[PDB]
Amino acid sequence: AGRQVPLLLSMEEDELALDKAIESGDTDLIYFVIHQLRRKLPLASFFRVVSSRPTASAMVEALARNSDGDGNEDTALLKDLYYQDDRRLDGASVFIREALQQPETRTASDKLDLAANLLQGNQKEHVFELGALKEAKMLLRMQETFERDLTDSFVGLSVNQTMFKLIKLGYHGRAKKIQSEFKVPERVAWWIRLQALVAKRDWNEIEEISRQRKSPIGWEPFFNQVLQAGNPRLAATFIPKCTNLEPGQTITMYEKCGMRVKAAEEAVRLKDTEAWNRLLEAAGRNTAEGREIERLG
């Protein structure tokens, strides 16, 4: 059963030899038969033989993407194989892959175009990928605009990453253009907006944000994010904007900002005499006035 296979092929039993090699599991015999068939047959006929048998096509497909030791492809083989089998998603992925190796955006979009062009040969079911392809071509274009205007790197970043870089660099007008264009979700966009301003240290517009009523992600994120590596002063300003909170945590939040005074004040406001004690003993009836803590009851 190990060279009982060439026996089958010596009598030019092509498709039958392949099947016995597949049953064997011996991947070596399968390559050997695949190699024989390729040298012997019209390529189109080879594809028909090899597409009837899942394991065979799979191995054919592997060798095509690894024929010097990683990297290099037999992209030509892949395209034709997928074309003669009407495997359009697999064919499109070959072109997408080609777009990721193109050094200029115009060429990269051309590959995406080739990629898309295959998918409109069956339209339905491929709606998402068509939309996705259409988006990247737009994003690449907008990013090439940004690079020339604003003189910084943008091409290749994700939608979200682009918003981030635009905001960190103070270009909120453009960053809002990306958002509106690609219909970025509210909660997503607010999370991005916050993280960028914090990276940017733009404490001024973080402040200007705080001047509206509600947040789709709450103000809890604004507290922690600003506190961490930032202004306890600015941080503290987000209590009591915080709707979604647990009992007596506004207190600990003032504490975490280093404001024992206002914590004590918040402690008294909540009718929690115990926390007020803990806060006064922390100072100590005399230190840090403490009297001021004491005067607050």
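A residue's number is simply how far along the shown sequence it sits, counting from 1.
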{"query": "Between the two ranges 252-260 and 63-71, the one averaging a larger CA B factor in the entry", "finding": "63-71"}
{"query": "199-207 or 95-103, whichever carries the higher mean Cα B-factor", "finding": "199-207"}
{"query": "Most elevated Cα B-factor in the entry, residues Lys134, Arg213, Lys79, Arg193", "finding": "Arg213"}
{"query": "Highest recorded Cα temperature factor - choice among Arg187, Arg87, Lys111, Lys124", "finding": "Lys124"}
{"query": "Record-listed C-alpha B factor of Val49: chain third", "finding": "lowest"}
{"query": "Ranked C-alpha temperature factor of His35 among modelled chain residues, by third", "finding": "middle"}
{"query": "Cα B factor band for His172 (lowest, middle or highest third within the chain)", "finding": "middle"}
{"query": "Among modelled residues of the same chain, the CA temperature factor third for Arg141", "finding": "middle"}
{"query": "Chain thirds of CA B-factor: placement of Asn117", "finding": "middle"}
